[PDB]
Each structure stands twice: as C-alpha cells, then as structure tokens.
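Let me begin by presenting the structure, written as structure tokens, before commenting on it.
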Amino acid sequence: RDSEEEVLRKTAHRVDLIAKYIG
Amino acid sequence: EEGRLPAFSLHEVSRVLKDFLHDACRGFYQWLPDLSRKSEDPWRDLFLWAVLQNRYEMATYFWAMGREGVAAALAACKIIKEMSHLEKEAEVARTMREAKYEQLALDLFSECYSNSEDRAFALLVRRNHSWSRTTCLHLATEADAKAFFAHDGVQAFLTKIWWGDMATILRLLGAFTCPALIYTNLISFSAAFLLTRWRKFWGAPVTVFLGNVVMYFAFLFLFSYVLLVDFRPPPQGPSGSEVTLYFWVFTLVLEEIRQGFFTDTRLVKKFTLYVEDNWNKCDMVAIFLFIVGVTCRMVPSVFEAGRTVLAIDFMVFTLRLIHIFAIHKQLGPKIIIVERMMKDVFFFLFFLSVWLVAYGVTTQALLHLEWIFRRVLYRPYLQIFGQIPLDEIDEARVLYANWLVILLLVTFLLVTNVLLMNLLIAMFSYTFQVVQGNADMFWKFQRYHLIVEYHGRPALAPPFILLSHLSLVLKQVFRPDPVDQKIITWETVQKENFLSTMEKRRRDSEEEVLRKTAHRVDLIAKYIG
Amino acid sequence: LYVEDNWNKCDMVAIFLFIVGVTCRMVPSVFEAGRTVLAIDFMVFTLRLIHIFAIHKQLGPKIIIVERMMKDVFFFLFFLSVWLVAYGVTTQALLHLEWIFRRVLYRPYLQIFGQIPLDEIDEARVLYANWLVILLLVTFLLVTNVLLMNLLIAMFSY
Amino acid sequence: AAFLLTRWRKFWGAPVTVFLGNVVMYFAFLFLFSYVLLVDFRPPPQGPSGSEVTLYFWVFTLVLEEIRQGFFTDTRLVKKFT
Ligand SMILES: [Ca+2]
Ligand SMILES: [Ca+2]
C-alpha cells in the first residue's frame, strides 16, 4: 500500500483532479 | 535469594552491578542507606535502569539530560553485550544485541574532536568520577569493541604518545645512532639543560622501542653464534659464553615477569590477562624450551640432545622476533591477514599430505622394510622437485603401470596446483575487502597495546633493567575541578548541537517530504470536494 | 630541477660508476677490479635503457604500476631473506667455519631449487630432525608461496 | 542402575558419534589393507591368505553393509535401484 510509486500515482490522480475541478 | 544464606533490594542490585562493571561501579549506595534521601547521580541510575530494563529511547532521553556522556555510553554498550549470552529468548537476545550504542559514542567523540583537538584528547584522558574516577580508555577496554578505536582521533592521541615528546625518519635513526643533542638541536625538539634534553630524547616510546629491537637482534645473533660453536663439551670455558648467554636469558625472563605481573584486582585475573596474549604464550613456550634444553650441560651424555632442544628454542625465538614488523603502516594489515589465514591452510596442507601419502603408497609397492622403504620415501620427497624417476617403471614395461602413473600424476598436479592455490585467493579477497578495516582495527589495537607496553616498559636498557628492578624492589622493601567542569560543559553543548543537527537532518528527509505532501494534497482534494 | 628527475639521477650514478672504473687503465694491477666496476656500470646503463619502453600506449601503465610497487616488494624480500636465514641456521648446525660453512651456504642456495638433500639426515636417523625439517619446510613453503605472492595481487588491483 | 545404561544409549545414539566411529573404522581398515598390500600380498601359501582372507571377508561385510544402506531405505525395486 505504502509503495512510493503508488504514492506517485495517487498524488498524480489527486492533483489532476484538483486542476480539473479548479478549471 | 542466593545472598540470602518481591525479595531483592538495592543490596543485591549493587552486588550484580559491581559484578558486571567491576572497577566502574565498585561501591554504589554505601547495608542500605537512607532510602528517603535523594540521589547523587540520578540520571546515572536512570540510564542504568533503562539499560537493564532494555528501554532504548528511554535511556536515550536520559542520556540527553545527563553529563559525562561518552564514558556512560561505553559502559552502556559493555553491559548490553553482557546481557546477551545471559538471555533465554532468542529473538529477545538479538534485540538486545541490536544496541548500536557504540555508534552513538563514536558520533559524540567525532563531533567534539571536530573542534579543540587538544581539549578533545584531554577529554579522552580525563578521569570519570561519575564512573568511579576512571579512564574512558579503560572503559572501552572493558568494552573490547574495537570500533571504539576506529576514530581518527584515536590514532591521533596514540601517535602523539608514539613519536615521543619530540613527535614532530632515517634522520631520527641516525640520531639514535650517536647522542648528538646538537643534531637534535637541528633535527627536532619540543648545565641541567642537557640532562633534561637527554631525558626528553630518551623518554620517547619509539626511542626505547628501537633500542629494544637492537638489543633483541644482537642477542639473537650472539646466541646463534653460541649455538654454532660455543655449544661445547662440559669443560668450564664452554660454559663461559654459555652461562653468559643463559644468565641474561634469565634476566630477560625476569623482565617478562615484570611486564606481565605488575601492570591488578586479582592475581587470578592478572594471570588471565597475561595468558590472553598469544605472543606472551609464545614467550612462555620459548622459555619453556630454553629451560628444558638447559639440562644439556647437566647431562653431557645428553649434551647433543639438549643442544637440539636449544636449537628448537632458537627457531621459536626467531619466529617470535618477526612479530615486530607488523608495526609498520603498510606492512601491518599484510601481517594481520597473514595471521588470519593461519588456520585454513593448516587443514589444506593436511589434505595435501594425505593425497601425497596415497600417491606414494600406490606407486612404491606396485613398482617394487628399510632399503625398499627408504627409496620409496626418497621418491615421495622428490615429488615436490618433480624429478619423476620412472626409469625403473620403463624398464619393467620393456609397463602396465606407467600409464596409470602418468594419469594419476597429471590429475594430482591439476587438483593440487589449481584448487589448493586458487582457493586461497578467495579467502585473500575476503580478508582484504572488509576484513582490511577489521584488521586495521586489529592493527591499531595491537598498536595501542604495544604503545602502552613501551610506555609501560621502563625507560631503561636491558643491562640496567636489572638495576631498575632492583631499585623497584628496594623501594618496595623500604616502605582541575574548574577546568574539568568547563570541558564537561563543552561536551554537553557539543552533544546538544549534535542532536539538534541530527534532527534537523531528519526533518528534511525526502520521504518525510513525500508523506507531508501526500497528507496536504489529500487534504486539499477532500476540502475541495 | 635537474636532480628532480630520478632517471637523471640514474644517469649521474652511471657516469659516476664509469668514471670510477676509468681508474682501471690507470692501475693495470687493479685493471680487473676496475673492469668489474665497468661491468657494474654496464648493468646500470642496461637497466637505464629499459626506461624507454614505457613510452608505449599499452605498455606505459604497465611499467608505471611496476614502478609503483617497487618499495613494498623490497621489504617483503627482506623478510623472506630473514626467514631463509632462520631456516638455514636451524638446519645446518643442528645437522652437522669454512668447509662446513660453504656446504651450509650451498644448501641455502639450493632452497630455491628445492633439491632438499636430506640424505645425510636420513643416514643419521638410520632421525629426530627429519620430521622437524619436513614440518618447517612445509610451513615455510606455505607461508612464502601463499602470502608473499597473493599479497601482491591486492596491491596490483589497487 | 539403569541410569548408566540409558545414559550410554544417549551418548551413543548421536549421529556425530557413530560418524566419528565410522571414520575411525574406515581409516583403520585403510591402514590395515595398505599393510596387507605392502607385504601380505604373498604367494598362495595358506598363511599369506590368512591376513588376506581376514581383510577380504570384512570387505564383503562392508559390501553387505552397503547393500543394506542402499536396498532397504521403497515403492518399486526399480525405483529403489534408481
Ligand atoms: Ca611479551
Ligand atoms: Ca637524462
């Protein structure tokens, strides 16, 4: 679960979501 | 309960304590004192508790708000090792063995020594009332964790001892040749002026050490000469040079007894520390061989056999003299690795001997118990030469054995030369790579020991060494705090800075950045929707 | 700057040896000794000529490394000489200063060959020394051959 | 009294124990056979066969021991021999 690459992927998803929802 | 002859109390606690760290904690808690009374060294007992209790972080924080650190930590690692073989639970045993406190202490010393190198050395030498007015050096000794010596400052203080008060090569050797204090007035230094300067030029460890190698070398040569032609029949003249050598040998024996007997709590412990050294064991067996051969003059009928005994003892002492060359910077680790591989090659050569025996047996009787036995033995001996005198076999063929002799010969050469050799370079590389630092430790270690011994060796020559021991026996029969605290505070501040630094480093850890960023971004995502 | 170069130092000592031997023709009584001096100088110049081969691309670093290890092997061979002296001393007198000395020296020389002429020892046994001779011989071969050699490959890799 | 019998069973049942015993026995028989090949490999007088037969009979016993160790460890005799 705590795999660093998994962290990268989850963070990428969350940031793309934040960017899209912001505009 | 054994002392009886919960139940335990501070009495048995102090008992067990003084049992482990013998000289460090002789007499704490002077059979019980007023339990209501407050402490003297509270944090001391705290860290002790946590150690006994195996509370790593606890003892950590205790050490934090404590004084006289490095020594404390040394004792800590010592007792951690103590409570390793005395553990029942295997996993708990490994956990206990996972102390790593030596690393902490080394960090402390590296830190403090990164400044005020002189004051740092002083700290390394300062007495320790907290640990019963003792020497951190001795602490590490009782700890026997060689890495304690691994720090550069260790070699620094050792060297500052080693090159004498005139610390400042072949120039120093030529100086050692002739007493030219004026040359010393040009080489290096650091009416009574000449007397004190001579004391300065003689008190150096390397000085007396070169003197000792000179004396030992000369006595080896002289004894070799005596064994050459002075090992004569029991006429008195023959005994003349013989007795001259033997009396001085006994003097050397007395010097060894002095160096090994008056360095101690228990005479048993003293003799144990003595028998610890392998080289002292070599000395003891050498004198055993010499005293055994000393029966030669007693029995002129057995004079030649006793002479052979003395020859063996000669070989012993000759091998012993070789011990010194390891003192060299570059040669040191070489001799160390050499000592390391001593065990395996023995068994390897045993196997080689078995194989050679097999070969010679298979060859001799199949070819053709004194006359026919001596020839067979000679053939076996000539195996190393490789003469291979199969002329007789060829004559016999002129047959069914020459082919098998060649086959077995070839395969024997193959197996021995290839394996018994190339196998050794593997262990050579293994002893090289990391066991080179290990043997650097070993070398620095024996180096410490030799430095102490030379310092421990009286500033005297072998001739008057008898006079020095006589003076010692006659003397026997005839019968600061502000600076300390200042340097203590220095160490405390050093520790504080070190810890702050370590945690500052831990803060900016990239993985910590990942975690904090992940938390912040999940928070932003959740709060956004 | 001149005396800086080691090879210029070799040149200087070579000419020193040549000029020293130049006294041979001056003293025909000492003509042969001066000739031996010239022979030494010859050896010097011969070694000197070898300096050039390092100029090669591939051979260069080889000769360089060779020059590097020059110091340690000297002391190693000194230790080996000490050990050989010990062995020969322990053997000769225990077995049996000119006639008996020359033979002992020859035995020491034959050590490299490994002839191991223990015939006299065997005759004596026909004894308490052959076993110790074999033990010390074996351990000497072991220590020298193994250590004094494999120690060098470490410095070679370094 | 049976204490010593059981303790002897304990000191003898160990693998390393019998193993050292075996190396001892094999070593000794190697030495003895080497001796027999040295001088007991004699003409066909009976005495010569004496030590010779003493060695050879025990060799056959060793053979039987090997057969035992390799034959009674099996589903198929073919699989056993394999
Ligand atoms: Ca000693
Ligand atoms: Ca030149």
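Okay, here's what the table says:
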quantity: Residue pairs meeting the criteria (Cβ under 7 Å; at least 6 apart or on separate chains; first more than 11 Å from chain B (Cβ to nearest Cβ), in the range C:74-85; second among the polar types (S, T, N, Q)); calculated: C:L80/C:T144; C:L84/C:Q111
quantity: Selected residue [within 14 Å of chain B (Cβ to nearest Cβ) and either closer than 30 Å to B:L321 by Cα or more than 16 Å from ligand 2 (Cβ to nearest atom) (or both)] from C:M69, C:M43; calculated: C:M69
quantity: Any helices (runs of 4 or more DSSP H) falling wholly within the range B:402-460 and containing at least 3 residues that are within 30 Å of B:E256 (Cα to Cα); calculated: B:435-456
quantity: Residue in the range C:39-51 that is surrounded by 12 or more Cβ atoms within 10 Å (Cβ to Cβ) and either of a type in the set (V, I, T) or under 21 Å from C:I153 (Cβ atoms) (or both) present; calculated: yes
quantity: Selection status of B:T263, part of a helix (DSSP H, G or I), within 22 Å of B:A459 (Cβ to Cβ) and more than 11 Å from ligand 1 (Cβ to nearest atom); calculated: no
quantity: Tabulated pairs, the range D:21-49, first polar (S, T, N, Q), second not in a loop (DSSP other than H, G, I, E, B), C-beta under 7 angstrom, 6+ apart or interchain; calculated: D:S34/B:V361
quantity: Helices (runs of 4 or more DSSP H) completely within the range B:267-352 that count 3 or more residues being of a type in the set (V, I, T); calculated: B:267-276, B:278-293, B:303-321, B:331-340
quantity: First in the range B:293-309 and of a type in the set (G, A, S), second anywhere and outside any helix (DSSP H, G or I), Cβ under 9 Å, 6 or more apart; calculated: B:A305/B:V299; B:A305/C:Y128; B:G306/B:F231; B:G306/B:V294; B:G306/B:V299
quantity: B:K475 under 29 Å from B:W63 (Cβ atoms) and under 35 Å from the mean Cα position of the chain (by Cα); calculated: no
quantity: Within the range B:493-529, tally of residues that are out of contact with any helix residue (DSSP H, G or I) (no Cβ under 8 Å at 6 or more places or on another chain) and away from every other protein chain (no Cβ under 14 Å); calculated: 10
quantity: Set B:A305, B:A311: member being within 14 Å of chain C (Cβ to nearest Cβ), within 20 Å of C:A124 (Cα to Cα), surrounded by fewer than 19 Cβ atoms within 10 Å (Cβ to Cβ) and away from ligand 2 (no atom under 16 Å from the Cβ); calculated: B:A305
quantity: Unique residue being among the hydroxyl-bearing types (S, T, Y), more than 11 Å from ligand 1 (Cβ to nearest atom), surrounded by 15 or more Cβ atoms within 10 Å (Cβ to Cβ) and away from chain C (no Cβ under 14 Å) when the list is B:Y274, B:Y246; calculated: B:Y246
quantity: Flag for B:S239 being away from chain C (no Cβ under 14 Å), part of a helix (DSSP H, G or I) and either within 16 Å of ligand 1 (Cβ to nearest atom) or of a type in the set (S, T, Y) (or both); calculated: yes
quantity: Checking B:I324 against (1) touching a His at 6+ places or on another chain (Cβ under 8 Å); (2) within 13 Å of chain C (Cβ to nearest Cβ), the condition it does not meet; calculated: (1)
quantity: Which listed residue is out of contact with any helix residue (DSSP H, G or I) (no Cβ under 6 Å at 6 or more places or on another chain), among the aliphatic types (A, V, I, L, M) and surrounded by 12 or more Cβ atoms within 10 Å (Cβ to Cβ), from B:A401, B:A358, B:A439; calculated: B:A358
quantity: Pick from the range C:4-29, criterion assigned to a loop (DSSP other than H, G, I, E, B) and in contact with a helix residue (DSSP H, G or I) (Cβ under 8 Å, 6 or more places away or on another chain), ranking: farthest from ligand 2 (Cβ to nearest atom); calculated: C:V27
quantity: Residue count, the range C:100-138 (criterion: within 8 Å of chain B (Cβ to nearest Cβ) and surrounded by 12 or more Cβ atoms within 10 Å (Cβ to Cβ)); calculated: 9
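This table checks each residue for (1) hydrophobic (A, V, I, L, M, F, W, C); (2) touching a strand residue (DSSP E or B) at 6+ places or on another chain (Cβ under 7 Å); (3) farther than 30 Å from B:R126 by Cα; (4) part of a helix (DSSP H, G or I).
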site	(1), (2), (3), (4)
B:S471	no, no, yes, yes
B:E496	no, no, no, yes
B:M502	yes, no, no, yes
B:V513	yes, no, yes, yes
B:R520	no, no, yes, yes
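Residue-by-condition table, conditions (1) within 13 Å of another protein chain (Cβ to nearest Cβ); (2) in contact with a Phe, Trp or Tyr (Cβ under 9 Å, 6 or more places away or on another chain); (3) charged (D, E, K, R); (4) part of a helix (DSSP H, G or I):
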| site | (1), (2), (3), (4) |
| --- | --- |
| B:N185 | no, no, no, yes |
| B:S190 | no, no, no, no |
| B:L194 | no, no, no, yes |
| B:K200 | no, yes, yes, yes |
| B:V208 | no, yes, no, yes |
| B:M215 | no, no, no, yes |
| B:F221 | yes, no, no, yes |
| B:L228 | yes, no, no, yes |
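Every number in this text was worked out from the coordinates using simple rules, so none of it is lab data. Positions of Cβ are generated from backbone atoms using ideal geometry, with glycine treated the same way; all protein chains shown enter the neighbour counts.
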